[PDB]
Amino acid sequence: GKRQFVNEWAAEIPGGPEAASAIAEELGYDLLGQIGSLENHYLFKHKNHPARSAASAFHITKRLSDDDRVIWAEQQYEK
Ligand code: NA
Ligand code: NA
Ligand code: NA
């Protein structure tokens, strides 16, 4: 069938793991850890957005991507 989005975001943060934790705190996420195919790819879990929704939360992605420490960000679909 079709998949819903989860309240988790992947992001590329070249500044590294300390920056990842600082970004999470500032923008309202828990850091989940490292993912992806590159070293400085991190997964975040938003502290307030619903765990599961059909909504594509483009506005949260834009806030994350708009931080200059974050060069790329992507809301994740559920598995
Ligand atoms: Na929901
Ligand atoms: Na950015
Ligand atoms: Na994106």
# chains A, B, ... in the order shown; residues from 1 in each chain; ligands from 1
>>> residues_near_ligand(ligand="ligand 2", cutoff="9 Å", atoms="only C-alpha atoms and all ligand atoms", output="number ranges by chain")
A: 13, 62-73
>>> residues_around(residues="segment 28-30 of chain A", least_positions_apart="2", cutoff="10 Å", atoms="only C-alpha atoms", output="list in words")
residues 7, 8, 9, 20, 21, 22, 23, 24, 25, 26, 32, 33, 43, 44, 45, 46, 47, 48 and 49 of chain A
>>> residues_near_ligand(ligand="ligand 1", cutoff="6 Å", atoms="only C-alpha atoms and all ligand atoms", output="JSON, numbers by chain")
{"A": [50, 51, 52, 53]}
>>> write_last_selection(atoms="N, CA, C and O atoms", output="PDB file, in the first residue's frame")
ATOM      1  N   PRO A  50       3.767  14.793  14.935  1.00  0.00           N
ATOM      2  CA  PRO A  50       3.233  13.433  15.074  1.00  0.00           C
ATOM      3  C   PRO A  50       4.168  12.343  14.563  1.00  0.00           C
ATOM      4  O   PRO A  50       4.826  12.480  13.530  1.00  0.00           O
ATOM      5  N   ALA A  51       4.162  11.222  15.279  1.00  0.00           N
ATOM      6  CA  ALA A  51       5.005  10.087  14.931  1.00  0.00           C
ATOM      7  C   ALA A  51       4.710   9.553  13.538  1.00  0.00           C
ATOM      8  O   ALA A  51       5.622   9.084  12.850  1.00  0.00           O
ATOM      9  N   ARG A  52       3.444   9.579  13.115  1.00  0.00           N
ATOM     10  CA  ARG A  52       3.030   9.006  11.844  1.00  0.00           C
ATOM     11  C   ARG A  52       1.944   9.890  11.255  1.00  0.00           C
ATOM     12  O   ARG A  52       0.971  10.208  11.945  1.00  0.00           O
ATOM     13  N   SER A  53       2.118  10.304   9.999  1.00  0.00           N
ATOM     14  CA  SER A  53       1.116  11.132   9.339  1.00  0.00           C
ATOM     15  C   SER A  53       1.310  11.024   7.836  1.00  0.00           C
ATOM     16  O   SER A  53       2.431  10.886   7.352  1.00  0.00           O
TER      17      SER A  53
END
>>> closest_residue(among="A:27, A:12, A:38, A:17", to="ligand 3", atoms="only C-alpha atoms and all ligand atoms")
A:12
>>> select_by_dssp(residues="chain A", states="strand (DSSP E)", output="ChimeraX atom specification")
/A:5-12,29-34,41-46,52-53,72-77
>>> write_last_selection(atoms="N, CA, C and O atoms", output="compact mmCIF listing (two decimals), in the first residue's frame")
# COMPACT_ATOMS: atom_id res chain seq x y z
N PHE A 5 4.59 9.32 6.52
CA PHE A 5 5.83 9.91 6.97
C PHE A 5 5.94 9.75 8.47
O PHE A 5 4.94 9.76 9.19
N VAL A 6 7.17 9.61 8.94
CA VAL A 6 7.44 9.64 10.36
C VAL A 6 8.05 10.99 10.73
O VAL A 6 8.49 11.76 9.87
N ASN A 7 8.08 11.27 12.03
CA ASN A 7 8.66 12.52 12.54
C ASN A 7 10.17 12.45 12.66
O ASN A 7 10.74 12.93 13.64
N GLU A 8 10.82 11.88 11.67
CA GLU A 8 12.27 11.74 11.66
C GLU A 8 12.83 12.35 10.39
O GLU A 8 12.23 12.24 9.32
N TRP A 9 13.98 12.99 10.54
CA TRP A 9 14.65 13.71 9.47
C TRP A 9 16.10 13.26 9.39
O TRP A 9 16.80 13.21 10.41
N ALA A 10 16.55 12.97 8.18
CA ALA A 10 17.96 12.78 7.89
C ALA A 10 18.54 14.13 7.49
O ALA A 10 17.87 14.95 6.86
N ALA A 11 19.80 14.37 7.86
CA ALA A 11 20.44 15.63 7.52
C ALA A 11 21.94 15.44 7.39
O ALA A 11 22.54 14.67 8.13
N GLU A 12 22.52 16.16 6.45
CA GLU A 12 23.96 16.18 6.27
C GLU A 12 24.49 17.42 6.99
O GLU A 12 24.09 18.54 6.67
N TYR A 29 14.60 18.74 18.24
CA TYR A 29 14.70 17.32 17.95
C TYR A 29 15.49 16.62 19.04
O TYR A 29 16.29 17.23 19.74
N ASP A 30 15.31 15.30 19.12
CA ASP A 30 16.31 14.42 19.69
C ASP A 30 17.20 13.90 18.57
O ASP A 30 16.71 13.54 17.50
N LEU A 31 18.49 13.87 18.82
CA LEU A 31 19.39 13.21 17.90
C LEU A 31 19.24 11.70 18.07
O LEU A 31 19.31 11.19 19.19
N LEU A 32 18.99 10.99 16.97
CA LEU A 32 18.96 9.54 17.03
C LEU A 32 20.33 8.93 16.76
O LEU A 32 20.67 7.91 17.36
N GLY A 33 21.11 9.51 15.87
CA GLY A 33 22.47 9.06 15.65
C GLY A 33 22.89 9.21 14.20
O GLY A 33 22.34 10.02 13.47
N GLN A 34 23.89 8.43 13.83
CA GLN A 34 24.46 8.44 12.49
C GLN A 34 23.74 7.45 11.59
O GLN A 34 23.45 6.32 11.99
N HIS A 41 26.12 12.20 8.15
CA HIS A 41 24.68 12.10 7.98
C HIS A 41 24.08 11.63 9.29
O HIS A 41 24.52 10.62 9.86
N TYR A 42 23.07 12.35 9.75
CA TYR A 42 22.49 12.15 11.07
C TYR A 42 20.99 12.04 10.93
O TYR A 42 20.39 12.60 10.02
N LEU A 43 20.40 11.31 11.86
CA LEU A 43 18.95 11.13 11.94
C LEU A 43 18.46 11.80 13.21
O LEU A 43 19.04 11.60 14.29
N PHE A 44 17.40 12.58 13.08
CA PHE A 44 16.78 13.34 14.14
C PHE A 44 15.32 12.93 14.28
O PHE A 44 14.66 12.61 13.29
N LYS A 45 14.80 13.02 15.49
CA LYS A 45 13.40 12.75 15.77
C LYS A 45 12.79 14.00 16.38
O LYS A 45 13.23 14.47 17.43
N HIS A 46 11.79 14.54 15.71
CA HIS A 46 11.19 15.79 16.16
C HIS A 46 10.42 15.56 17.44
O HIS A 46 9.67 14.58 17.56
N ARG A 52 3.44 9.58 13.11
CA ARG A 52 3.03 9.01 11.84
C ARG A 52 1.94 9.89 11.26
O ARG A 52 0.97 10.21 11.94
N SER A 53 2.12 10.30 10.00
CA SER A 53 1.12 11.13 9.34
C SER A 53 1.31 11.02 7.84
O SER A 53 2.43 10.89 7.35
N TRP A 72 21.74 19.56 3.69
CA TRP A 72 20.69 18.76 3.08
C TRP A 72 19.86 18.18 4.21
O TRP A 72 20.40 17.80 5.24
N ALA A 73 18.54 18.12 4.01
CA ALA A 73 17.67 17.51 5.00
C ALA A 73 16.50 16.85 4.29
O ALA A 73 16.06 17.31 3.24
N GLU A 74 15.98 15.79 4.91
CA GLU A 74 14.96 14.95 4.27
C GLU A 74 14.07 14.32 5.32
O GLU A 74 14.56 13.54 6.14
N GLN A 75 12.77 14.60 5.28
CA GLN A 75 11.86 13.84 6.12
C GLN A 75 11.79 12.40 5.62
O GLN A 75 11.76 12.15 4.42
N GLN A 76 11.73 11.45 6.56
CA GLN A 76 11.73 10.04 6.24
C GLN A 76 10.32 9.46 6.19
O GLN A 76 9.46 9.80 7.00
N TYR A 77 10.10 8.58 5.23
CA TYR A 77 8.92 7.74 5.27
C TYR A 77 9.09 6.65 6.31
O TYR A 77 10.21 6.26 6.66
>>> atom_distance(atom1="atom CA of residue 39 of chain A", atom2="atom CA of residue 55 of chain A")
29.1 Å
>>> atom_distance(atom1="atom CA of residue 60 of chain A", atom2="atom CA of residue 2 of chain A")
21.7 Å
>>> atom_distance(atom1="atom CA of residue 79 of chain A", atom2="atom CA of residue 4 of chain A")
9.0 Å
>>> decode(residues="segment 6-79 of chain A", atoms="C-alpha atoms", output="CSV table (one decimal), in the first residue's frame")
chain,number,residue,atom,x,y,z
A,6,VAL,CA,7.4,9.6,10.4
A,7,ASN,CA,8.7,12.5,12.5
A,8,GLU,CA,12.3,11.7,11.7
A,9,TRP,CA,14.7,13.7,9.5
A,10,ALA,CA,18.0,12.8,7.9
A,11,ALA,CA,20.4,15.6,7.5
A,12,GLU,CA,24.0,16.2,6.3
A,13,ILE,CA,25.9,18.3,8.8
A,14,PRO,CA,29.5,18.6,7.7
A,15,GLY,CA,30.5,20.3,10.9
A,16,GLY,CA,30.2,16.9,12.6
A,17,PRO,CA,28.7,15.2,15.6
A,18,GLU,CA,28.9,18.1,18.1
A,19,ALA,CA,27.1,20.4,15.6
A,20,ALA,CA,24.5,17.7,15.1
A,21,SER,CA,23.6,17.7,18.9
A,22,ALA,CA,23.5,21.5,19.0
A,23,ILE,CA,21.2,21.6,16.0
A,24,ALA,CA,18.9,19.1,17.6
A,25,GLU,CA,18.6,21.1,20.7
A,26,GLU,CA,18.1,24.4,19.0
A,27,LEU,CA,15.5,23.2,16.4
A,28,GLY,CA,13.5,20.9,18.7
A,29,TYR,CA,14.7,17.3,18.0
A,30,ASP,CA,16.3,14.4,19.7
A,31,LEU,CA,19.4,13.2,17.9
A,32,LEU,CA,19.0,9.5,17.0
A,33,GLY,CA,22.5,9.1,15.6
A,34,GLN,CA,24.5,8.4,12.5
A,35,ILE,CA,22.9,7.0,9.3
A,36,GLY,CA,23.3,7.2,5.6
A,37,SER,CA,26.1,6.5,3.3
A,38,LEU,CA,28.3,9.5,4.5
A,39,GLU,CA,30.0,10.1,7.8
A,40,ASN,CA,28.2,13.3,8.7
A,41,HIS,CA,24.7,12.1,8.0
A,42,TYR,CA,22.5,12.2,11.1
A,43,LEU,CA,19.0,11.1,11.9
A,44,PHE,CA,16.8,13.3,14.1
A,45,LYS,CA,13.4,12.7,15.8
A,46,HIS,CA,11.2,15.8,16.2
A,47,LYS,CA,10.0,16.3,19.7
A,48,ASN,CA,6.5,17.6,18.9
A,49,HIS,CA,5.4,16.5,15.3
A,50,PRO,CA,3.2,13.4,15.1
A,51,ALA,CA,5.0,10.1,14.9
A,52,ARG,CA,3.0,9.0,11.8
A,53,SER,CA,1.1,11.1,9.3
A,54,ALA,CA,0.3,11.2,5.6
A,55,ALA,CA,1.4,14.9,5.8
A,56,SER,CA,4.7,15.8,4.1
A,57,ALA,CA,6.1,18.3,6.7
A,58,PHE,CA,7.9,20.4,4.2
A,59,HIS,CA,8.0,23.4,6.5
A,60,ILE,CA,9.9,21.5,9.2
A,61,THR,CA,12.3,20.3,6.5
A,62,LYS,CA,12.8,23.8,5.3
A,63,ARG,CA,13.6,25.1,8.8
A,64,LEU,CA,16.3,22.4,9.2
A,65,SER,CA,17.7,22.8,5.7
A,66,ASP,CA,17.8,26.6,6.1
A,67,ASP,CA,20.3,26.3,8.9
A,68,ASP,CA,23.7,26.9,7.4
A,69,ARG,CA,25.2,24.0,9.3
A,70,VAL,CA,22.8,21.7,7.5
A,71,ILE,CA,23.5,21.3,3.8
A,72,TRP,CA,20.7,18.8,3.1
A,73,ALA,CA,17.7,17.5,5.0
A,74,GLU,CA,15.0,15.0,4.3
A,75,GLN,CA,11.9,13.8,6.1
A,76,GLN,CA,11.7,10.0,6.2
A,77,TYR,CA,8.9,7.7,5.3
A,78,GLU,CA,8.0,4.9,7.6
A,79,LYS,CA,9.7,1.6,6.9
